[PDB]
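Comments concern the structure below.
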Amino acid sequence: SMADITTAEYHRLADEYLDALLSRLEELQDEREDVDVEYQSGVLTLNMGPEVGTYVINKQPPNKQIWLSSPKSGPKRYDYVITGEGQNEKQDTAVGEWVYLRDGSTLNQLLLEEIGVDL
Amino acid sequence: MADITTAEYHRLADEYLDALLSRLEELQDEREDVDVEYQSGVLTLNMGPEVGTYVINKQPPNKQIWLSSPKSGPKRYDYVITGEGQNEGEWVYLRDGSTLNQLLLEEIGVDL
């Protein structure tokens, strides 16, 4: 999407994001009896229990996307998009986000609304 | 679309995904870029950097198995008894009547 990134750059960005997400969800896992989180090989699994269901969040490297499956709202696909220019016209000052280009929403926003997790 | 309890769903889904896993473990040995994992009701099938990653997961509140394919996108499979067919239930995408086994045959070349 908006960001002009190589596959290697994608992997770094996605790994950084999912590592941060994982540690936030590990906190949630400790506080709640119904929440279990796993992470292996680019795939983050979040079982919210028998009433909520299971979330899957995974790297899709050929598309340079992060894909999502939600039991509340279904499937979505996130591109790495530059939403803020930052300090300069320089691309190294730009703020990038994971955005679902069908509606412009962010992955952070979905997690906040559905799971109460603020990344 | 079958009238089953949540406990029955879990048994049926676990049986199916266990069978699928062992078929994919054979495939893992015979193809260098294929890796399969199965944990907490989620089957991950990484076909490497050109093909991408398949996810196949239980979605218990809907009594479905959900799929995400890098070639053809998301689908939701119900446990369905069709009256075409006899024996001495199948996992079906009810939008077109196809089975999950058929998709895996066509996309990945695994004949289940």
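Chains as they are written, first to last, in the deposited numbering: chain A, 85 to 203; chain D, 86 to 173, 180 to 203.
For each residue, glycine too, the CB sits at the ideal point set by N, CA and C.
Taking the Cβ atom as the reference point for each residue, do residue i and residue j lie within a distance shorter than 7 Å?
| i | j | result |
| --- | --- | --- |
| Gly126 of chain D | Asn142 of chain D | yes |
From residue i to residue j, what does the alpha carbon distance come to, in whole angstroms?
| i | j | result |
| --- | --- | --- |
| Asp163 of chain D | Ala178 of chain A | 44 Å |
| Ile166 of chain D | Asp120 of chain A | 32 Å |
| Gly133 of chain A | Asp118 of chain A | 5 Å |
| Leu102 of chain A | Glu135 of chain A | 25 Å |
| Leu97 of chain D | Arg186 of chain A | 35 Å |
| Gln149 of chain D | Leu130 of chain D | 19 Å |
| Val183 of chain A | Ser189 of chain A | 6 Å |
| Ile199 of chain A | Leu128 of chain A | 15 Å |
| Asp88 of chain D | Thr138 of chain A | 22 Å |
| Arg116 of chain D | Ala92 of chain A | 24 Å |
| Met86 of chain D | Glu100 of chain D | 18 Å |
| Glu197 of chain D | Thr90 of chain D | 31 Å |
| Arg161 of chain A | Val140 of chain A | 12 Å |
| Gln175 of chain A | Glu181 of chain A | 14 Å |
| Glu111 of chain D | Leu112 of chain A | 36 Å |
| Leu203 of chain D | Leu203 of chain A | 41 Å |
| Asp114 of chain D | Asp114 of chain A | 37 Å |
Kindly indicate which residue of the options has the alpha-carbon position closest to the one of residue i.
| i | options | result |
| --- | --- | --- |
| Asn192 of chain D | D:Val201, D:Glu115, D:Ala98 | D:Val201 |
| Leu152 of chain A | A:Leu112, A:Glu111, A:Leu195 | A:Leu195 |
| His95 of chain D | D:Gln113, D:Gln144, D:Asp114 | D:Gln144 |
Three or more C-beta pairs below 8 Å linking the segment 140-157 of chain A and the segment 167-180 of chain A: Contact fails: fewer than three Cβ-Cβ distances are below 8 Å.
The segment 98-114 of chain D / the segment 122-139 of chain D touching (three or more Cβ pairs under 8 Å): With contact defined as three or more Cβ pairs closer than 8 Å, the segment 98-114 of chain D and the segment 122-139 of chain D are in contact.
Contact set between the segment 133-152 of chain A and chain C, restricted to residues whose Cβ is under 8 Å from the partner: The question asks about chain C, but that chain is absent: this structure's protein chains are A and D.
Secondary structure, beta strand (DSSP E): runs of 3+ residues fully inside the segment 94-169 of chain D: 120-124, 127-131, 138-144, 149-154, 158-165
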